[PDB]
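Enquirer: Residue numbers (the entry's author numbering): 1 to 99.
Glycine is no exception: its CB is placed at the ideal position from the N, C-alpha and C atoms.
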Amino acid sequence: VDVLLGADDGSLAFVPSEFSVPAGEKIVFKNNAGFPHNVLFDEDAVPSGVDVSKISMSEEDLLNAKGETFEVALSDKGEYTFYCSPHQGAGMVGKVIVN
Ligand SMILES: [Cu+2]
Numbered sequence: 001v002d003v004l005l006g007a008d009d010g011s012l013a014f015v016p017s018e019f020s021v022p023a024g025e026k027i028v029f030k031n032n033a034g035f036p037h038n039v040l041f042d043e044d045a046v047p048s049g050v051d052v053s054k055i056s057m058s059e060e061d062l063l064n065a066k067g068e069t070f071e072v073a074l075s076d077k078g079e080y081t082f083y084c085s086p087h088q089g090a091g092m093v094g095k096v097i098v099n
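This is how it looks when you write it as structure tokens:
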């Protein structure tokens, strides 16, 4: 599943912001507009057993160009919150449900 970083109108959103996926399906975060963006998972809002460092960019690493991707595959079922580090305080957060 593809998830855009930034809407075509400049909004600071993941697109889609919430979606469900089967366990192990690859999620392709694709840089879109309104840079910079990145993707990290919230250690406080993932299923128990999940290590967010394995599925997160380094906070220092930013995507500044259209078409750069960050790809992950989540194997543990449950709810995960992801966020954009620069844009977390502007509400660029999302939730994926792995089922
Ligand atoms: Cu962002």
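Within its chain, find whatever has a CB closer than 6 Å to the CB of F82; leave out the 5 residues flanking it on each side and keep chain order.
Expert: Here residue 82 refers to the residue found at position 82 when the sequence shown is read from its first residue. So the list reads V39, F41, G94, once near-sequence residues are dropped.
Enquirer: Within the continuous beta strand (DSSP E) that includes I97, where are the two ends?
Expert: In the sequence shown, counting from the first residue as 1, residue 97 sits at position 97. Unbroken beta strand (DSSP E) run through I97: 93–98.
Enquirer: Would DSSP call residue 114 helix, strand or coil?
Expert: Since the first residue shown for the chain is 1 and the last is 99, residue 114 is missing from the structure and cannot be characterised.
Enquirer: Flag this pair as yes or no: are the beta carbons of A7 and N31 separated by less than 9 Å?
Expert: As a first step, residue 7 is located in the sequence shown; it is residue number 7 there, counting from the start. As a first step, residue 31 is located in the sequence shown; it is residue number 31 there, counting from the start. Contact: no.
Enquirer: Apply the 10 Å Cβ neighbour rule to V1 and answer buried if 16 or more other Cβ atoms are within range, or exposed otherwise.
Expert: Position 1 of the sequence shown, counted from the first residue, corresponds to residue 1. Burial call: exposed.
Enquirer: Cβ atoms of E71 and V28: under 9 Å apart, would you say?
Expert: Within the sequence shown, numbered from 1, the residue matching residue 28 stands at position 28. Within the sequence shown, numbered from 1, the residue matching residue 71 stands at position 71. Result yes, Cβ atoms of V28 and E71 sit closer than 9 Å.
Enquirer: Could you please give the first and the last residue of the uninterrupted beta strand (DSSP E) stretch that includes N31?
Expert: As a first step, residue 31 must be located in the sequence shown, where it is residue number 31. Unbroken beta strand (DSSP E) run through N31: 26–31.
Enquirer: Output the distance between the C-alpha atoms of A23 and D44, rounded to the nearest integer angstrom.
Expert: Along the sequence shown, one-based indexing puts residue 23 at 23. Along the sequence shown, one-based indexing puts residue 44 at 44. Roughly 20 Å separates the two Cα atoms.
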